[PDB]
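The structure appears below as C-alpha cells.
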Amino acid sequence: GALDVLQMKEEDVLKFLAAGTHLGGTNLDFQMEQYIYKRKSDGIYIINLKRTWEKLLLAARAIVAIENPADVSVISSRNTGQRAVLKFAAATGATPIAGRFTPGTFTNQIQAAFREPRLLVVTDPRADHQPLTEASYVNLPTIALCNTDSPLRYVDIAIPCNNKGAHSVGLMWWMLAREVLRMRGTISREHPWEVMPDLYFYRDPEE
RNA sequence: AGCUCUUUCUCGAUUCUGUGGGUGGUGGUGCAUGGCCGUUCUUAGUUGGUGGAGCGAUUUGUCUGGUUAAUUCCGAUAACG
C-alpha cells in the first residue's frame with residue numbers, strides 16, 4: 001500500500017540483505033518473471049525486494065480476514081521450516097503440521113486426522129505438493145513462499161523469496177507473524193518487537 | 001413244509017373275497033440332492049468400508065530395498081483403519 005505507516009524501513013532492508021533473501025536460482029519460470037530485477041554476470045537471478053513487501057502485506061491482509069484463528073493451517077515437510085511453522089503457530093493461533101502430511105487428511109471424512117480449514121499456508125510449492133493438489137477438491141484458498149524456479153499451479157498469493165534453506169526461511173515466517181500481529185492491533189507499528197528473528201532459524205552448529 | 005392229494009376231526013367273527021389305497025426293497029440314478037471324507041495345496045495365501053485413478057471390465061491399499069520357516073518384521077508410501 002502507499003501509506004507511510006506501511007512503508008518498508010532501512011532496518012528491515014538490512015535484515016533482508018544479511019539473510020540472502022534477494023538471491024534466487026540459476027533458472028527462472030515464465031510465471032515468476034515480473035518479480036525479478038536482473039540476472040548477474042555469474043548465472044544467478046536477483047529477486048526485487050519491494051515486490052516481496054507488497055505480496056507479504058497482501059498475504060497478512062488475507063490472514064487477518066479470518067474470524068477464528070484455528071481455521072488457518074500451516075505446513076512444512078522440509079526440516080528448515082519445521083521450527084519456523086511451530087513458532088508462527090505459537091505467536092498466532094493457527095494449526096501446524098510438521099513432517100509427513102497423510103494423503104486424504106482434507107478429503108477422507110472418516111479419518112482419525114481429518115480436518116476442514118478456511119486458509120492454507122505452505123513453505124515450498126515443489127516439496128509441499130500433496131496438500132496443494134488435495135486443496136483442489138474442497139474450495140480452499142492458498143498462500144506460498146516462491147523461489148525463481150517454483151511451479152505456480154494452485155497458489156493464489158505467491159511471496160517472492162529465497163526458500164532454499166537456513167536464515168532466509170526462518171526470517172520470512174518471523175516477519176509474517178510480526179505484520180499479522182501489528183495490523184490486528186496486538187503490537188506496535190513503531191516500537192521494536194520482543195521476539196528475536198534467530199528463534200525461527202534451523203540448526204546452526206551448537207558449540 | 002398239512003406245500004399239495006385222499007380222509008374227517010378242530011377253532012369261533014380275530015379272518016376270507018372284489019375294488020381303491022398302502023408297505024417293504026444291500027432295486028436304478030453320486031450327472032437330481034443333504035451329511036461326511038479326499039484332493040487342488042504344506043505352500044503363504046485371501047477380503048470389505050471410507051478416500052484416490054479410469055467411459056469401462058478393473059486397480060491401489062496387498063510395495064523398490066533389507067530380514068524371516070511365514071503377506072514374519074523393519075521401513076518406504078495416495079492411502080487410512
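Identifiers in the C-alpha cells: chain A, B, ... in order shown; residue index from 1 per chain; ligand index from 1 in order shown.
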
Check which residues of chain A sit at most 8 Å from chain B using only C-alpha atoms (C1' of nucleotides), and return one row each with the closest pair of atoms and their distance in Å to one decimal, ordered by chain and rising number, as a Markdown table.
| residue | atom | partner | partner_atom | distance |
| --- | --- | --- | --- | --- |
| A:102 | CA | B:79 | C1' | 7.9 |
| A:103 | CA | B:78 | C1' | 5.5 |
| A:104 | CA | B:51 | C1' | 6.1 |
| A:107 | CA | B:51 | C1' | 6.8 |
| A:108 | CA | B:51 | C1' | 4.9 |
| A:109 | CA | B:50 | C1' | 7.4 |
| A:110 | CA | B:50 | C1' | 6.3 |
| A:111 | CA | B:80 | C1' | 6.3 |

Let me see the file: selected residues, N, CA, C and O atoms, as a JSON list (two decimals), in the first residue's frame.
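Here's the written file selection-v2.json:
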[["chain", "number", "residue", "atom", "x", "y", "z"],
["A", 102, "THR", "N", -0.32, -36.82, 5.74],
["A", 102, "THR", "CA", -1.02, -38.05, 5.32],
["A", 102, "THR", "C", -2.02, -37.75, 4.19],
["A", 102, "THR", "O", -2.91, -36.92, 4.38],
["A", 103, "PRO", "N", -1.93, -38.42, 3.02],
["A", 103, "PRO", "CA", -2.90, -38.27, 1.94],
["A", 103, "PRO", "C", -4.34, -38.50, 2.41],
["A", 103, "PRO", "O", -4.62, -39.46, 3.13],
["A", 104, "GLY", "N", -5.26, -37.64, 2.01],
["A", 104, "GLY", "CA", -6.66, -37.73, 2.40],
["A", 104, "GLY", "C", -7.03, -37.00, 3.69],
["A", 104, "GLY", "O", -8.20, -36.99, 4.04],
["A", 107, "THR", "N", -9.90, -34.78, 2.72],
["A", 107, "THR", "CA", -10.99, -35.35, 1.90],
["A", 107, "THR", "C", -11.53, -36.71, 2.36],
["A", 107, "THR", "O", -12.61, -37.12, 1.93],
["A", 108, "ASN", "N", -10.87, -37.44, 3.25],
["A", 108, "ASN", "CA", -11.34, -38.71, 3.80],
["A", 108, "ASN", "C", -12.09, -38.45, 5.12],
["A", 108, "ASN", "O", -11.51, -38.48, 6.20],
["A", 109, "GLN", "N", -13.39, -38.16, 5.03],
["A", 109, "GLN", "CA", -14.25, -37.62, 6.10],
["A", 109, "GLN", "C", -14.23, -38.42, 7.42],
["A", 109, "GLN", "O", -14.50, -37.89, 8.49],
["A", 110, "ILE", "N", -13.95, -39.73, 7.33],
["A", 110, "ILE", "CA", -13.94, -40.71, 8.42],
["A", 110, "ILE", "C", -12.59, -40.75, 9.18],
["A", 110, "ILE", "O", -12.52, -41.24, 10.30],
["A", 111, "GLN", "N", -11.51, -40.26, 8.57],
["A", 111, "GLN", "CA", -10.13, -40.49, 9.01],
["A", 111, "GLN", "C", -9.83, -39.86, 10.38],
["A", 111, "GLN", "O", -10.32, -38.78, 10.71]]

Out of segment 51-154 of chain A, which residues get strand (DSSP E or B) from DSSP, as a ChimeraX atom specification? /A:72-76,95-98,119-122,142-146

With DSSP run on the backbone, what are the helix (DSSP H, G or I) residues within segment 18-196 of chain A? I'd like them as a ChimeraX atom specification. /A:33-35,49-63,69-71,79-91,129-137,167-183

Atomic separation - atom CA of residue 174 of chain A relative to atom CA of residue 35 of chain A, Å: 21.6 Å

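Note that atom CA of residue 176 of chain A and atom CA of residue 7 of chain A are 14.9 Å apart.
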
Report as a PyMOL selection string all protein, DNA and RNA residues lying within 7 Å of residue 95 of chain A, evaluated on only C-alpha atoms (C1' of nucleotides), omitting residues in the same chain fewer than 4 positions from it. chain A and resi 70+72-74+89

I need the residues from that last selection saved to file as an mmCIF file, in the first residue's frame (with N, CA, C and O atoms), if you can.
data_model
loop_
_atom_site.group_PDB
_atom_site.id
_atom_site.type_symbol
_atom_site.label_atom_id
_atom_site.label_comp_id
_atom_site.auth_asym_id
_atom_site.auth_seq_id
_atom_site.Cartn_x
_atom_site.Cartn_y
_atom_site.Cartn_z
ATOM 1 N N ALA A 70 -7.874 -20.611 14.554
ATOM 2 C CA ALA A 70 -7.685 -22.050 14.391
ATOM 3 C C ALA A 70 -8.125 -22.593 13.013
ATOM 4 O O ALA A 70 -7.782 -23.725 12.675
ATOM 5 N N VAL A 72 -6.994 -21.386 10.148
ATOM 6 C CA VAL A 72 -5.803 -21.306 9.287
ATOM 7 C C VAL A 72 -4.870 -22.495 9.558
ATOM 8 O O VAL A 72 -4.565 -22.796 10.712
ATOM 9 N N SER A 73 -4.384 -23.165 8.511
ATOM 10 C CA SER A 73 -3.476 -24.317 8.604
ATOM 11 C C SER A 73 -2.093 -24.027 8.002
ATOM 12 O O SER A 73 -2.000 -23.390 6.954
ATOM 13 N N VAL A 74 -1.018 -24.458 8.671
ATOM 14 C CA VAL A 74 0.384 -24.073 8.396
ATOM 15 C C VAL A 74 1.256 -25.315 8.182
ATOM 16 O O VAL A 74 1.225 -26.206 9.022
ATOM 17 N N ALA A 89 2.768 -20.639 14.591
ATOM 18 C CA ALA A 89 1.527 -21.127 15.190
ATOM 19 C C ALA A 89 1.424 -20.904 16.720
ATOM 20 O O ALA A 89 0.338 -20.960 17.295
#

Given only C-alpha atoms, how would the per-residue table for segment 109-191 of chain A near segment 96-99 of chain A read, listing every residue at most 12 Å away with its closest atom pair and distance in Å to one decimal, sorted by chain and number, as a Markdown table?
| residue | atom | partner | partner_atom | distance |
| --- | --- | --- | --- | --- |
| A:113 | CA | A:97 | CA | 10.9 |
| A:115 | CA | A:97 | CA | 11.5 |
| A:117 | CA | A:96 | CA | 11.6 |
| A:120 | CA | A:96 | CA | 10.4 |
| A:121 | CA | A:96 | CA | 9.8 |
| A:122 | CA | A:97 | CA | 10.1 |
| A:123 | CA | A:98 | CA | 10.8 |
| A:127 | CA | A:99 | CA | 11.2 |
| A:128 | CA | A:99 | CA | 10.2 |
| A:131 | CA | A:97 | CA | 10.6 |

Keeping C-alpha atoms, export the residues of the selection given above as a PDB file, in the first residue's frame.
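Final file, out38.pdb:
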ATOM      1  CA  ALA A 113      -6.606 -36.947  11.372  1.00  0.00           C
ATOM      2  CA  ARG A 115      -9.780 -31.516   9.306  1.00  0.00           C
ATOM      3  CA  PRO A 117      -9.751 -25.402   7.336  1.00  0.00           C
ATOM      4  CA  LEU A 120      -3.758 -22.838   3.775  1.00  0.00           C
ATOM      5  CA  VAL A 121      -0.126 -21.577   4.006  1.00  0.00           C
ATOM      6  CA  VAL A 122       2.836 -23.667   2.648  1.00  0.00           C
ATOM      7  CA  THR A 123       6.647 -23.261   2.779  1.00  0.00           C
ATOM      8  CA  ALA A 127       8.084 -30.041  -1.728  1.00  0.00           C
ATOM      9  CA  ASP A 128       4.601 -29.442  -0.136  1.00  0.00           C
ATOM     10  CA  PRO A 131      -1.724 -30.504   0.488  1.00  0.00           C
TER      11      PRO A 131
END

Please provide as a list in words all residues within 6 Å of segment 165-171 of chain A, with the sequence filter that same-chain residues fewer than 5 positions apart are discarded (counting only C-alpha atoms (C1' of nucleotides)). residues 19, 21, 80, 84, 197, 200, 201 and 202 of chain A

Find the spatial neighbours of segment 45-47 of chain B, counting only C-alpha atoms (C1' of nucleotides), within a cut-off of 12 Å - ignore same-chain residues fewer than 6 positions away - and output them as a list in words. residues 61, 62, 70 and 71 of chain B

Using the selection just defined, write its residues with N, CA, C and O atoms (P, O5', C5', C4', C3', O3' and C1' of nucleotides) as a PDB file, in the first residue's frame.
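Result saved to out-v4.pdb:
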ATOM      1  P     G B  61      -0.245 -51.251  -3.427  1.00  0.00           P
ATOM      2  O5'   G B  61      -0.927 -51.146  -1.986  1.00  0.00           O
ATOM      3  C5'   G B  61      -0.787 -50.004  -1.170  1.00  0.00           C
ATOM      4  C4'   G B  61      -1.930 -49.934  -0.155  1.00  0.00           C
ATOM      5  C3'   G B  61      -2.058 -51.179   0.719  1.00  0.00           C
ATOM      6  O3'   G B  61      -1.120 -51.128   1.792  1.00  0.00           O
ATOM      7  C1'   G B  61      -4.191 -50.459  -0.132  1.00  0.00           C
ATOM      8  P     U B  62      -0.710 -52.421   2.654  1.00  0.00           P
ATOM      9  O5'   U B  62      -0.516 -53.583   1.572  1.00  0.00           O
ATOM     10  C5'   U B  62       0.236 -54.757   1.809  1.00  0.00           C
ATOM     11  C4'   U B  62       0.152 -55.720   0.610  1.00  0.00           C
ATOM     12  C3'   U B  62       0.376 -55.009  -0.738  1.00  0.00           C
ATOM     13  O3'   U B  62       1.121 -55.815  -1.648  1.00  0.00           O
ATOM     14  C1'   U B  62      -1.778 -56.059  -0.647  1.00  0.00           C
ATOM     15  P     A B  70      10.783 -67.926   4.735  1.00  0.00           P
ATOM     16  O5'   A B  70       9.292 -67.552   5.186  1.00  0.00           O
ATOM     17  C5'   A B  70       8.170 -68.168   4.574  1.00  0.00           C
ATOM     18  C4'   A B  70       6.838 -67.776   5.221  1.00  0.00           C
ATOM     19  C3'   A B  70       6.607 -66.269   5.219  1.00  0.00           C
ATOM     20  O3'   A B  70       6.181 -65.873   3.921  1.00  0.00           O
ATOM     21  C1'   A B  70       5.920 -67.303   7.285  1.00  0.00           C
ATOM     22  P     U B  71       6.754 -64.580   3.168  1.00  0.00           P
ATOM     23  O5'   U B  71       5.759 -63.422   3.653  1.00  0.00           O
ATOM     24  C5'   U B  71       4.715 -62.947   2.830  1.00  0.00           C
ATOM     25  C4'   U B  71       3.760 -62.104   3.668  1.00  0.00           C
ATOM     26  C3'   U B  71       2.877 -62.964   4.596  1.00  0.00           C
ATOM     27  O3'   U B  71       2.889 -62.403   5.910  1.00  0.00           O
ATOM     28  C1'   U B  71       1.612 -61.422   3.332  1.00  0.00           C
TER      29        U B  71
END

Work out how far atom CA of residue 141 of chain A is from atom CA of residue 36 of chain A, in Å to one decimal. 24.9 Å
